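File shown: target10.cif. Contents: mmCIF, C-alpha atoms; chains and numbers go by the auth columns.
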```
data_entry
loop_
_atom_site.group_PDB
_atom_site.id
_atom_site.type_symbol
_atom_site.label_atom_id
_atom_site.label_comp_id
_atom_site.label_asym_id
_atom_site.label_seq_id
_atom_site.Cartn_x
_atom_site.Cartn_y
_atom_site.Cartn_z
_atom_site.B_iso_or_equiv
_atom_site.auth_seq_id
_atom_site.auth_asym_id
ATOM 1 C CA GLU A 1 1.327 133.941 80.114 0.00 1 A
ATOM 2 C CA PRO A 2 -0.591 131.926 77.619 0.00 2 A
ATOM 3 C CA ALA A 3 -0.140 128.274 77.353 0.00 3 A
ATOM 4 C CA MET A 4 2.423 127.305 74.839 0.00 4 A
ATOM 5 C CA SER A 5 5.296 125.034 74.593 0.00 5 A
ATOM 6 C CA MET A 6 7.782 124.958 71.813 0.00 6 A
ATOM 7 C CA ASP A 7 9.036 122.199 69.640 0.00 7 A
ATOM 8 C CA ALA A 8 12.765 122.642 69.004 0.00 8 A
ATOM 9 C CA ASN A 9 12.185 122.599 65.298 0.00 9 A
ATOM 10 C CA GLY A 10 10.999 125.948 66.073 0.00 10 A
ATOM 11 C CA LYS A 11 7.466 126.091 66.713 0.00 11 A
ATOM 12 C CA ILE A 12 6.176 127.489 69.785 0.00 12 A
ATOM 13 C CA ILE A 13 2.823 126.599 69.642 0.00 13 A
ATOM 14 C CA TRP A 14 0.799 128.514 71.901 0.00 14 A
ATOM 15 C CA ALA A 15 -2.824 128.604 71.983 0.00 15 A
ATOM 16 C CA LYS A 16 -5.242 131.449 72.263 0.00 16 A
ATOM 17 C CA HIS A 17 -3.734 134.922 72.356 0.00 17 A
ATOM 18 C CA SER A 18 -5.169 136.169 75.654 0.00 18 A
ATOM 19 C CA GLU A 19 -8.767 134.877 75.699 0.00 19 A
ATOM 20 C CA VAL A 20 -9.053 134.199 72.013 0.00 20 A
ATOM 21 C CA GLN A 21 -9.706 130.692 71.106 0.00 21 A
ATOM 22 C CA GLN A 22 -7.040 128.226 71.447 0.00 22 A
ATOM 23 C CA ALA A 23 -7.491 128.102 67.757 0.00 23 A
ATOM 24 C CA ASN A 24 -4.094 129.296 66.772 0.00 24 A
ATOM 25 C CA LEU A 25 -1.150 127.263 67.216 0.00 25 A
ATOM 26 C CA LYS A 26 1.686 126.983 64.856 0.00 26 A
ATOM 27 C CA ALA A 27 4.901 128.657 63.832 0.00 27 A
ATOM 28 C CA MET A 28 7.719 127.035 61.986 0.00 28 A
ATOM 29 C CA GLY A 29 8.761 130.256 60.405 0.00 29 A
ATOM 30 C CA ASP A 30 10.972 130.329 57.421 0.00 30 A
ATOM 31 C CA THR A 31 13.647 133.058 57.550 0.00 31 A
ATOM 32 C CA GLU A 32 16.542 134.777 59.452 0.00 32 A
ATOM 33 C CA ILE A 33 17.491 138.350 60.822 0.00 33 A
ATOM 34 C CA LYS A 34 19.688 140.435 63.394 0.00 34 A
ATOM 35 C CA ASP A 35 19.661 140.045 67.107 0.00 35 A
ATOM 36 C CA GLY A 36 18.095 143.299 67.881 0.00 36 A
ATOM 37 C CA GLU A 37 15.812 143.348 64.959 0.00 37 A
ATOM 38 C CA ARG A 38 12.371 141.647 64.816 0.00 38 A
ATOM 39 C CA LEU A 39 10.818 138.590 62.934 0.00 39 A
ATOM 40 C CA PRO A 40 7.730 137.110 60.958 0.00 40 A
ATOM 41 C CA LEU A 41 5.178 134.361 61.858 0.00 41 A
ATOM 42 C CA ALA A 42 3.253 131.789 59.921 0.00 42 A
ATOM 43 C CA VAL A 43 -0.583 131.598 59.927 0.00 43 A
ATOM 44 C CA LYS A 44 -2.602 128.318 60.260 0.00 44 A
ATOM 45 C CA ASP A 45 -4.590 127.776 63.331 0.00 45 A
ATOM 46 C CA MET A 46 -5.505 124.549 64.655 0.00 46 A
ATOM 47 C CA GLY A 47 -7.651 124.046 67.760 0.00 47 A
ATOM 48 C CA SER A 48 -10.765 125.876 69.084 0.00 48 A
ATOM 49 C CA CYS A 49 -11.032 124.281 72.477 0.00 49 A
ATOM 50 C CA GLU A 50 -13.334 125.387 75.097 0.00 50 A
ATOM 51 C CA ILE A 51 -11.503 124.896 78.417 0.00 51 A
ATOM 52 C CA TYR A 52 -9.585 127.819 79.464 0.00 52 A
ATOM 53 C CA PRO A 53 -6.154 126.885 80.598 0.00 53 A
ATOM 54 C CA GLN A 54 -3.298 128.216 82.415 0.00 54 A
ATOM 55 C CA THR A 55 -0.755 125.471 81.843 0.00 55 A
ATOM 56 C CA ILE A 56 1.040 124.100 78.988 0.00 56 A
ATOM 57 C CA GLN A 57 3.688 121.594 79.301 0.00 57 A
ATOM 58 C CA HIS A 58 5.317 119.616 76.745 0.00 58 A
ATOM 59 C CA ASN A 59 5.962 116.081 76.663 0.00 59 A
ATOM 60 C CA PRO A 60 9.390 115.162 77.164 0.00 60 A
ATOM 61 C CA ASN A 61 10.227 115.357 73.543 0.00 61 A
ATOM 62 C CA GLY A 62 8.018 118.302 73.240 0.00 62 A
ATOM 63 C CA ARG A 63 5.419 116.057 71.784 0.00 63 A
ATOM 64 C CA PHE A 64 2.503 115.404 74.130 0.00 64 A
ATOM 65 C CA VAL A 65 1.409 118.418 75.888 0.00 65 A
ATOM 66 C CA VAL A 66 -0.631 118.308 78.781 0.00 66 A
ATOM 67 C CA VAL A 67 -2.588 121.279 79.177 0.00 67 A
ATOM 68 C CA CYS A 68 -4.851 121.862 82.135 0.00 68 A
ATOM 69 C CA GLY A 69 -7.792 124.161 82.170 0.00 69 A
ATOM 70 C CA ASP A 70 -10.962 124.626 83.836 0.00 70 A
ATOM 71 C CA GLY A 71 -9.182 122.259 86.306 0.00 71 A
ATOM 72 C CA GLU A 72 -9.129 119.233 84.081 0.00 72 A
ATOM 73 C CA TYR A 73 -6.322 118.088 81.849 0.00 73 A
ATOM 74 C CA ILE A 74 -6.521 117.812 78.160 0.00 74 A
ATOM 75 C CA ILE A 75 -3.472 116.417 76.761 0.00 75 A
ATOM 76 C CA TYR A 76 -3.104 116.637 73.268 0.00 76 A
ATOM 77 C CA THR A 77 -1.963 114.673 70.668 0.00 77 A
ATOM 78 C CA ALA A 78 -0.757 117.647 69.122 0.00 78 A
ATOM 79 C CA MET A 79 0.070 117.338 65.476 0.00 79 A
ATOM 80 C CA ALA A 80 -2.791 115.117 65.593 0.00 80 A
ATOM 81 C CA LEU A 81 -4.718 117.820 67.164 0.00 81 A
ATOM 82 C CA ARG A 82 -6.142 115.013 68.876 0.00 82 A
ATOM 83 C CA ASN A 83 -7.025 114.905 72.327 0.00 83 A
ATOM 84 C CA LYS A 84 -4.426 112.875 73.631 0.00 84 A
ATOM 85 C CA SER A 85 -6.322 112.577 76.971 0.00 85 A
ATOM 86 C CA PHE A 86 -8.237 114.243 79.755 0.00 86 A
ATOM 87 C CA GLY A 87 -9.281 114.170 83.464 0.00 87 A
ATOM 88 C CA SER A 88 -9.475 116.605 86.401 0.00 88 A
ATOM 89 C CA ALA A 89 -6.473 117.636 88.242 0.00 89 A
ATOM 90 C CA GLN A 90 -5.392 119.185 91.298 0.00 90 A
ATOM 91 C CA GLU A 91 -1.547 118.832 90.873 0.00 91 A
ATOM 92 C CA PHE A 92 0.960 117.203 88.472 0.00 92 A
ATOM 93 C CA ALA A 93 4.245 115.723 87.477 0.00 93 A
ATOM 94 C CA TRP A 94 5.092 114.210 84.132 0.00 94 A
ATOM 95 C CA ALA A 95 7.227 111.333 84.662 0.00 95 A
ATOM 96 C CA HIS A 96 9.989 113.168 83.160 0.00 96 A
ATOM 97 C CA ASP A 97 11.029 110.298 81.154 0.00 97 A
ATOM 98 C CA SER A 98 8.183 111.223 78.835 0.00 98 A
ATOM 99 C CA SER A 99 5.953 108.378 79.622 0.00 99 A
ATOM 100 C CA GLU A 100 4.184 108.664 82.783 0.00 100 A
ATOM 101 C CA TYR A 101 2.557 111.261 84.708 0.00 101 A
ATOM 102 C CA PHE B 1 11.508 114.578 55.651 0.00 1 B
ATOM 103 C CA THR B 2 10.538 117.684 54.129 0.00 2 B
ATOM 104 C CA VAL B 3 7.178 118.028 55.162 0.00 3 B
ATOM 105 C CA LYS B 4 4.702 119.326 52.772 0.00 4 B
ATOM 106 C CA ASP B 5 1.019 120.326 53.459 0.00 5 B
ATOM 107 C CA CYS B 6 -1.818 119.004 51.375 0.00 6 B
ATOM 108 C CA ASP B 7 -5.026 120.191 49.814 0.00 7 B
ATOM 109 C CA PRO B 8 -6.700 116.832 49.253 0.00 8 B
ATOM 110 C CA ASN B 9 -9.340 118.354 47.082 0.00 9 B
ATOM 111 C CA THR B 10 -6.960 119.153 44.425 0.00 10 B
ATOM 112 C CA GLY B 11 -3.512 119.671 46.153 0.00 11 B
ATOM 113 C CA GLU B 12 -0.366 121.264 44.632 0.00 12 B
ATOM 114 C CA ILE B 13 3.016 119.724 44.457 0.00 13 B
ATOM 115 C CA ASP B 14 5.799 122.305 44.476 0.00 14 B
ATOM 116 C CA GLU B 15 9.541 122.279 45.102 0.00 15 B
ATOM 117 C CA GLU B 16 9.372 124.217 48.318 0.00 16 B
ATOM 118 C CA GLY B 17 8.219 122.873 51.778 0.00 17 B
ATOM 119 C CA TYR B 18 10.373 122.558 54.974 0.00 18 B
ATOM 120 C CA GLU B 19 11.862 119.713 56.984 0.00 19 B
ATOM 121 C CA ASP B 20 11.352 118.654 60.387 0.00 20 B
ATOM 122 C CA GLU B 21 12.405 115.383 61.563 0.00 21 B
ATOM 123 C CA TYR B 22 10.738 113.203 63.947 0.00 22 B
ATOM 124 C CA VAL B 23 12.437 110.580 65.884 0.00 23 B
ATOM 125 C CA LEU B 24 11.376 107.142 64.928 0.00 24 B
ATOM 126 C CA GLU B 25 11.352 103.832 66.796 0.00 25 B
ATOM 127 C CA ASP B 26 14.137 101.417 67.377 0.00 26 B
ATOM 128 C CA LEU B 27 14.702 98.422 65.390 0.00 27 B
ATOM 129 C CA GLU B 28 16.146 95.576 67.333 0.00 28 B
ATOM 130 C CA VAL B 29 17.300 92.522 65.280 0.00 29 B
ATOM 131 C CA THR B 30 16.423 89.096 66.575 0.00 30 B
ATOM 132 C CA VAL B 31 17.696 85.627 66.580 0.00 31 B
ATOM 133 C CA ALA B 32 14.654 84.424 64.591 0.00 32 B
ATOM 134 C CA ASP B 33 14.604 86.681 61.661 0.00 33 B
ATOM 135 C CA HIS B 34 17.627 84.678 60.570 0.00 34 B
ATOM 136 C CA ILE B 35 17.076 81.140 61.654 0.00 35 B
ATOM 137 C CA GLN B 36 15.279 78.146 60.417 0.00 36 B
ATOM 138 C CA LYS B 37 14.430 76.035 63.475 0.00 37 B
ATOM 139 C CA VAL B 38 15.210 72.458 62.897 0.00 38 B
ATOM 140 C CA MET B 39 15.763 68.927 63.882 0.00 39 B
ATOM 141 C CA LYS B 40 19.343 67.651 63.414 0.00 40 B
ATOM 142 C CA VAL B 41 21.088 66.025 60.591 0.00 41 B
ATOM 143 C CA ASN B 42 22.846 64.133 63.153 0.00 42 B
ATOM 144 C CA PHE B 43 21.827 64.921 66.549 0.00 43 B
ATOM 145 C CA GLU B 44 23.924 62.468 68.396 0.00 44 B
ATOM 146 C CA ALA B 45 26.968 63.296 66.842 0.00 45 B
ATOM 147 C CA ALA B 46 26.050 66.775 66.043 0.00 46 B
ATOM 148 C CA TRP B 47 25.011 67.400 69.470 0.00 47 B
ATOM 149 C CA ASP B 48 28.321 66.513 70.837 0.00 48 B
ATOM 150 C CA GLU B 49 30.267 67.924 68.018 0.00 49 B
ATOM 151 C CA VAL B 50 28.824 71.237 68.194 0.00 50 B
ATOM 152 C CA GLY B 51 30.195 71.233 71.661 0.00 51 B
ATOM 153 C CA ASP B 52 33.535 70.203 70.348 0.00 52 B
ATOM 154 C CA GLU B 53 34.243 73.142 68.291 0.00 53 B
ATOM 155 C CA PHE B 54 31.719 75.326 69.836 0.00 54 B
ATOM 156 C CA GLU B 55 30.670 75.851 73.282 0.00 55 B
ATOM 157 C CA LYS B 56 30.168 78.648 75.707 0.00 56 B
ATOM 158 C CA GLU B 57 28.500 78.382 78.886 0.00 57 B
ATOM 159 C CA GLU B 58 26.714 80.243 81.528 0.00 58 B
ATOM 160 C CA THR B 59 25.667 78.980 84.964 0.00 59 B
ATOM 161 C CA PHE B 60 23.261 80.503 87.351 0.00 60 B
ATOM 162 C CA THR B 61 22.194 79.130 90.713 0.00 61 B
ATOM 163 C CA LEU B 62 18.585 80.071 91.406 0.00 62 B
ATOM 164 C CA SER B 63 17.742 80.729 95.081 0.00 63 B
ATOM 165 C CA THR B 64 14.455 82.884 95.307 0.00 64 B
ATOM 166 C CA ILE B 65 12.356 81.040 92.739 0.00 65 B
ATOM 167 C CA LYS B 66 12.763 77.369 91.774 0.00 66 B
ATOM 168 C CA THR B 67 11.010 77.751 88.436 0.00 67 B
ATOM 169 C CA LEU B 68 12.214 77.372 84.873 0.00 68 B
ATOM 170 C CA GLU B 69 9.265 79.280 83.677 0.00 69 B
ATOM 171 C CA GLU B 70 10.701 82.696 83.684 0.00 70 B
ATOM 172 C CA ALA B 71 13.620 81.314 81.855 0.00 71 B
ATOM 173 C CA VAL B 72 11.215 79.410 79.708 0.00 72 B
ATOM 174 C CA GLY B 73 9.406 82.494 78.712 0.00 73 B
ATOM 175 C CA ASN B 74 12.624 84.003 77.419 0.00 74 B
ATOM 176 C CA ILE B 75 14.039 80.863 75.713 0.00 75 B
ATOM 177 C CA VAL B 76 11.288 79.021 73.515 0.00 76 B
ATOM 178 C CA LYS B 77 10.037 82.330 72.470 0.00 77 B
ATOM 179 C CA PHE B 78 13.370 84.319 71.878 0.00 78 B
ATOM 180 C CA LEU B 79 15.244 81.670 69.950 0.00 79 B
ATOM 181 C CA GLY B 80 12.227 80.291 68.052 0.00 80 B
ATOM 182 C CA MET B 81 13.608 76.910 68.025 0.00 81 B
ATOM 183 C CA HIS B 82 12.487 73.630 68.866 0.00 82 B
ATOM 184 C CA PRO B 83 12.916 72.271 72.488 0.00 83 B
ATOM 185 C CA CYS B 84 13.676 68.624 72.441 0.00 84 B
ATOM 186 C CA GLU B 85 15.448 65.465 71.579 0.00 85 B
ATOM 187 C CA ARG B 86 12.285 64.220 73.336 0.00 86 B
ATOM 188 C CA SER B 87 12.955 66.911 75.905 0.00 87 B
ATOM 189 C CA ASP B 88 10.423 69.596 75.598 0.00 88 B
ATOM 190 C CA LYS B 89 7.269 68.533 77.381 0.00 89 B
ATOM 191 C CA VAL B 90 6.302 69.480 80.843 0.00 90 B
ATOM 192 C CA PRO B 91 2.659 69.428 82.129 0.00 91 B
ATOM 193 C CA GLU B 92 1.418 72.214 84.522 0.00 92 B
ATOM 194 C CA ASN B 93 4.285 70.923 86.530 0.00 93 B
ATOM 195 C CA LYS B 94 7.224 68.546 85.965 0.00 94 B
ATOM 196 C CA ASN B 95 10.258 67.471 88.093 0.00 95 B
ATOM 197 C CA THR B 96 13.285 68.121 85.688 0.00 96 B
ATOM 198 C CA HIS B 97 13.833 69.711 82.153 0.00 97 B
ATOM 199 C CA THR B 98 16.237 69.774 79.158 0.00 98 B
ATOM 200 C CA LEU B 99 15.620 71.433 76.095 0.00 99 B
ATOM 201 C CA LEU B 100 18.187 70.356 73.761 0.00 100 B
ATOM 202 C CA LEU B 101 17.054 72.789 71.044 0.00 101 B
ATOM 203 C CA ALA B 102 17.353 73.531 67.241 0.00 102 B
ATOM 204 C CA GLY B 103 17.757 75.753 64.259 0.00 103 B
ATOM 205 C CA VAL B 104 20.343 77.090 61.849 0.00 104 B
ATOM 206 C CA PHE B 105 21.657 80.644 61.686 0.00 105 B
ATOM 207 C CA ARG B 106 22.169 82.939 58.758 0.00 106 B
ATOM 208 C CA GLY B 107 25.391 82.969 56.910 0.00 107 B
ATOM 209 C CA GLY B 108 24.677 79.322 56.779 0.00 108 B
ATOM 210 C CA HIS B 109 25.927 78.240 60.114 0.00 109 B
ATOM 211 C CA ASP B 110 23.986 76.940 62.824 0.00 110 B
ATOM 212 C CA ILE B 111 23.374 77.822 66.158 0.00 111 B
ATOM 213 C CA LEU B 112 22.881 75.123 68.662 0.00 112 B
ATOM 214 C CA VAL B 113 21.645 75.166 72.315 0.00 113 B
ATOM 215 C CA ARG B 114 21.339 72.707 75.089 0.00 114 B
ATOM 216 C CA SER B 115 19.756 73.815 78.134 0.00 115 B
ATOM 217 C CA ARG B 116 19.898 71.417 80.907 0.00 116 B
ATOM 218 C CA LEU B 117 17.878 73.009 83.505 0.00 117 B
ATOM 219 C CA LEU B 118 18.647 71.107 86.726 0.00 118 B
ATOM 220 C CA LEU B 119 16.460 71.074 89.741 0.00 119 B
ATOM 221 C CA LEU B 120 17.960 69.916 92.879 0.00 120 B
ATOM 222 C CA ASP B 121 15.320 71.931 94.360 0.00 121 B
ATOM 223 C CA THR B 122 16.987 75.131 93.728 0.00 122 B
ATOM 224 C CA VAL B 123 17.571 75.306 90.125 0.00 123 B
ATOM 225 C CA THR B 124 21.156 75.482 89.133 0.00 124 B
ATOM 226 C CA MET B 125 21.543 75.218 85.423 0.00 125 B
ATOM 227 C CA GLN B 126 23.802 74.586 82.599 0.00 126 B
ATOM 228 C CA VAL B 127 22.997 76.491 79.451 0.00 127 B
ATOM 229 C CA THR B 128 25.114 75.544 76.594 0.00 128 B
ATOM 230 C CA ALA B 129 25.216 77.151 73.359 0.00 129 B
ATOM 231 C CA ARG B 130 27.275 75.332 70.872 0.00 130 B
ATOM 232 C CA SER B 131 27.113 76.449 67.384 0.00 131 B
ATOM 233 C CA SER B 132 28.234 75.902 63.971 0.00 132 B
ATOM 234 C CA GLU B 133 28.639 79.692 63.843 0.00 133 B
ATOM 235 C CA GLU B 134 30.850 81.767 66.437 0.00 134 B
ATOM 236 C CA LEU B 135 28.736 84.753 66.646 0.00 135 B
ATOM 237 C CA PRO B 136 25.761 82.571 67.833 0.00 136 B
ATOM 238 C CA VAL B 137 27.210 80.935 70.958 0.00 137 B
ATOM 239 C CA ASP B 138 27.853 84.344 72.592 0.00 138 B
ATOM 240 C CA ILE B 139 24.532 85.490 71.146 0.00 139 B
ATOM 241 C CA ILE B 140 22.353 82.662 72.332 0.00 140 B
ATOM 242 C CA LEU B 141 23.259 83.152 75.828 0.00 141 B
ATOM 243 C CA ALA B 142 22.289 86.794 75.473 0.00 142 B
ATOM 244 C CA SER B 143 19.564 86.470 72.921 0.00 143 B
ATOM 245 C CA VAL B 144 17.595 84.031 74.823 0.00 144 B
ATOM 246 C CA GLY B 145 16.906 86.800 77.167 0.00 145 B
#
```

Could you take the file, read its structure, and then write that structure out as structure tokens?
Amino acid sequence: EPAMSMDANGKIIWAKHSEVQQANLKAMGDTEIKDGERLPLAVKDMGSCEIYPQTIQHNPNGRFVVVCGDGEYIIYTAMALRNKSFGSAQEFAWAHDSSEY
Amino acid sequence: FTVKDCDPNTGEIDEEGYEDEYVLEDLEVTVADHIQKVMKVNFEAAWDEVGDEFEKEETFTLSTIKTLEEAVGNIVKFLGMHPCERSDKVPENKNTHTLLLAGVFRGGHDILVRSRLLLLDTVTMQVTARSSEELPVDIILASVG
């Protein structure tokens, strides 16, 4: 998988593609179609991180994602495209509440 | 909101753009957005009087801590009123304390509080709220927290 987490507005923001820069997040779409049939995306990257992740997890309200990669955790302020925060991991739990970790 | 993107250089303002909604913060409304803290028109009388018509009570008996101070943090500060009738002052310690305290609530009528904090050496205490408005007596006892 890539690292992505989706806001229930309807944007799964992922980053990267497979090893592409993280530079590419977004997707609020704009339109509707049949179950079987297929759909269109928006285009407006944000990001161009360096650390290569393997986790994405949303904040409990989607909001703050903490992303880990290269073994450290960048958390983003997302809309912000701000680094919400960073450090090195080993293992994790968000305090589910959406306010601690 | 309907969220619209910008070009700050020179923009565009167009009918289209799509909504997303973001949850905002709570508003809590206080007992100090509404009140003018005062000194009484007639304390002696008023003091009693306010009892007369108005008065609700709560008692606690305090057995793990013998200090006002916690209480104190919630009360001077929450109500925003004046402690007193010469019954305010305490140094970095003090044996006993009463705040007989004042201000007036919105809608005109007043909200009045007497807090006799009593130290035996536990604290057991009589908090009175007396009011010239009904909604405040129930409120003070809560609000102070």

Within 10 Å of chain A, which residues of chain B come that close, and what is the closest atom pair and distance in Å for each? Count all atoms listed in the file and give it as a tab-separated table.
```
residue	atom	partner	partner_atom	distance
B:17	CA	A:30	CA	9.7
B:18	CA	A:30	CA	8.2
B:19	CA	A:9	CA	8.8
B:20	CA	A:9	CA	6.4
B:21	CA	A:9	CA	8.1
B:22	CA	A:9	CA	9.6
B:23	CA	A:61	CA	9.3
```

Next item on the list: Could you tell me which residues the PyMOL selection byres ((chain B and resi 124-134) around 6) returns for this structure, as a ChimeraX atom specification?
Entry: /B:50-51,54-62,109-118,123,135-137

Margin query: Can you spell out as a ChimeraX atom specification the set of residues that the PyMOL selection byres ((chain B and resi 93-96) around 12) selects in the structure I just provided?
Written below: /B:66-69,87-92,97-99,115-125

Check: At a cut-off of 8 Å from (-10.4, 123.6, 73.1) in the coordinates of the file, what residues are picked up using only C-alpha atoms, written as a ChimeraX atom specification?
Finding: /A:21-23,47-52

Checklist line | Pick from B:33, B:138, B:28, B:5, whichever lies nearest to residue 81 of chain B using all atoms listed in the file | finding: B:33

Checklist line | Closest of B:101, B:3, B:141, B:79 to residue 35 of chain B - atom-to-atom distances counting all atoms listed in the file | finding: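 Of B:101, B:3, B:141, B:79, the one nearest residue 35 of chain B, counting all atoms listed in the file, is B:79.
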
Next item on the list: For the structure shown, which residues end up in the PyMOL selection byres ((chain A and resi 6) around 12)? Put them as number ranges by chain, please?
Entry: A: 3-5, 7-15, 25-28, 56-65, 78

Note to self: Given only C-alpha atoms as the basis, pick out the residue of A:33, A:67, A:17, A:41 nearest to residue 84 of chain A.
What the structure shows: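 Checking each candidate against residue 84 of chain A, we get A:67 as the closest.
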
Note to self: Which polymer residues, whether protein, DNA or RNA, lie within 10 Å of the coordinate (11.1, 76.3, 60.4) when you count only C-alpha atoms? List them as a list in words, using the chain letters and numbers from the file.
What the structure shows: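 Returned residue set, sorted by chain then number, is residues 32, 35, 36, 37, 38, 39, 80, 81, 82, 102, 103 and 104 of chain B.
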
Item checked: d(atom CA of residue 47 of chain B, atom CA of residue 143 of chain B) in Å ->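 Here the two named atoms are 20.1 Å from each other.
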
Note to self: Please report the interatomic distance between atom CA of residue 55 of chain A and atom CA of residue 98 of chain A in Å with one decimal.
What the structure shows: 17.1 Å

Checklist line | Atom pair atom CA of residue 53 of chain B / atom CA of residue 41 of chain B: separation (Å) | finding: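 A separation of 16.8 Å between them.
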
Next item on the list: Go through B:1, B:34, B:8, B:42 and flag the residue nearest residue 108 of chain B, using only C-alpha atoms for the distances.
Entry: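 Of all the options, B:34 lies closest to residue 108 of chain B.
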